[PDB]
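Working notes for the structure below.
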Amino acid sequence: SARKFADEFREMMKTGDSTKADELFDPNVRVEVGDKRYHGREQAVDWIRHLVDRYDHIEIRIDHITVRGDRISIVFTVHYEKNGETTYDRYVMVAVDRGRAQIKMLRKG
């Protein structure tokens, strides 16, 4: 289940699909990207779509998936390529399984 969830999240991150986001994001999801803070599905989707529009390629690698009780923690790195320069970010994501896992927090870390 946790791996399926991570795979779906990676696929959603390619296109910023709103339908997928409705399934994967908690309605009150918090996304922290350095100084910028997003709240809710719509802002989380817009954040993803801005990335998709800006970079030549985005590679997402799921590094760690850990489950403790109903808590799913995923550490992933994102490689953003733009005009021969690549930026290497790392994110930590907390999702809660309630049968149905939903992302509560996504933070650049």
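Ordering of the structure tokens sets the chain letters (A, B, ...); residue numbers start at 1 within each chain; ligands are numbered from 1 in the order shown.
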> Counting only C-alpha atoms, what is within 8 Å of residue 48 (chain A), bar same-chain residues fewer than 6 positions away, as a ChimeraX atom specification?
Replying inline: /A:13,15-16
Restrict the selected residues to N, CA and C atoms and save them as a compact mmCIF listing (two decimals), in the first residue's frame.
```txt
# COMPACT_ATOMS: atom_id res chain seq x y z
N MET A 13 3.05 14.04 -9.57
CA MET A 13 4.00 15.13 -9.65
C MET A 13 4.48 15.40 -11.07
N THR A 15 2.55 15.63 -13.83
CA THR A 15 1.59 16.47 -14.52
C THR A 15 0.82 17.41 -13.61
N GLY A 16 0.90 17.24 -12.30
CA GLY A 16 0.05 18.02 -11.42
C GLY A 16 -1.42 17.75 -11.65
```
> Quick one: DSSP strand (DSSP E or B) residues in region 1-44 of chain A, as an MDAnalysis selection string?
Replying inline: chainID A and resid 25:33 36:39
> Skipping near chain neighbours, those fewer than 4 positions away, what residues fall within 12 Å of residue 52 (chain A) using only C-alpha atoms, listed as a count of residues only?
Replying inline: 19
>> So that I can see what lies close to residue 103 (chain A), please list as a ChimeraX atom specification the residues with an atom at most 7 Å from it, counting only C-alpha atoms and leaving out residues fewer than 3 positions away in the same chain.
In response: /A:24-26,29,94-96
Could you write those residues out with N, CA, C and O atoms, as a CSV table (one decimal), in the first residue's frame?
```
chain,number,residue,atom,x,y,z
A,24,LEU,N,-4.9,12.2,-3.2
A,24,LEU,CA,-3.6,12.0,-2.5
A,24,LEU,C,-3.4,13.0,-1.4
A,24,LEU,O,-2.8,12.7,-0.4
A,25,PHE,N,-3.9,14.2,-1.6
A,25,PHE,CA,-3.7,15.3,-0.6
A,25,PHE,C,-4.9,15.4,0.4
A,25,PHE,O,-6.1,15.3,0.0
A,26,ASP,N,-4.6,15.5,1.6
A,26,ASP,CA,-5.6,15.9,2.6
A,26,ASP,C,-6.1,17.3,2.2
A,26,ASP,O,-5.4,18.1,1.6
A,29,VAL,N,-3.9,20.0,3.5
A,29,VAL,CA,-2.5,19.7,3.4
A,29,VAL,C,-1.7,21.0,3.5
A,29,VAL,O,-2.1,22.1,3.0
A,94,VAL,N,4.7,13.7,5.1
A,94,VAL,CA,4.0,12.9,6.1
A,94,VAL,C,2.6,12.7,5.6
A,94,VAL,O,1.9,13.7,5.2
A,95,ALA,N,2.2,11.4,5.5
A,95,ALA,CA,0.8,11.0,5.2
A,95,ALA,C,0.3,10.2,6.3
A,95,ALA,O,1.0,9.5,7.0
A,96,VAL,N,-1.0,10.2,6.4
A,96,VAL,CA,-1.7,9.5,7.5
A,96,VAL,C,-2.7,8.5,6.8
A,96,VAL,O,-3.4,8.9,5.9
```
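Of the listed residues (A:73, A:99, A:6, A:44), A:44 comes nearest to residue 18 (chain A); the distances count only C-alpha atoms.
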>> As an exercise, work out the distance from CA of residue 108 (chain A) to CA of residue 32 (chain A) in Å and give it to one decimal place.
In response: 6.3 Å
> Neighbours of residue 63 (chain A) within 9 Å (only C-alpha atoms; same-chain residues fewer than 3 positions away dropped), as a PyMOL selection string?
Replying inline: chain A and resi 74-77
Based on the selection just made, write N, CA, C and O atoms of those residues as a compact mmCIF listing (two decimals), in the first residue's frame.
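Saved as part_17.txt:
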```txt
# COMPACT_ATOMS: atom_id res chain seq x y z
N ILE A 74 7.69 9.66 3.86
CA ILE A 74 8.39 9.46 2.59
C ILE A 74 9.41 10.57 2.43
O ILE A 74 9.07 11.75 2.53
N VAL A 75 10.67 10.19 2.20
CA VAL A 75 11.73 11.12 1.86
C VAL A 75 11.99 10.93 0.37
O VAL A 75 12.19 9.79 -0.08
N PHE A 76 11.94 12.02 -0.38
CA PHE A 76 12.21 11.95 -1.81
C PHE A 76 13.09 13.12 -2.22
O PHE A 76 13.11 14.17 -1.57
N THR A 77 13.88 12.90 -3.26
CA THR A 77 14.68 13.97 -3.84
C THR A 77 14.11 14.32 -5.20
O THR A 77 13.54 13.48 -5.90
```
> If you count only C-alpha atoms, which residues fall within 8 Å of residue 2 (chain A), apart from same-chain ones fewer than 6 positions away, as a list in words?
Replying inline: residues 65, 67 and 72 of chain A
Generate a file of the selected residues that holds C-alpha atoms, formatted as a PDB file, in the first residue's frame.
```
ATOM      1  CA  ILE A  65       9.280   4.995   2.752  1.00  0.00           C
ATOM      2  CA  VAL A  67       5.431   3.231   8.116  1.00  0.00           C
ATOM      3  CA  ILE A  72       3.617   7.085   6.433  1.00  0.00           C
TER       4      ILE A  72
END
```
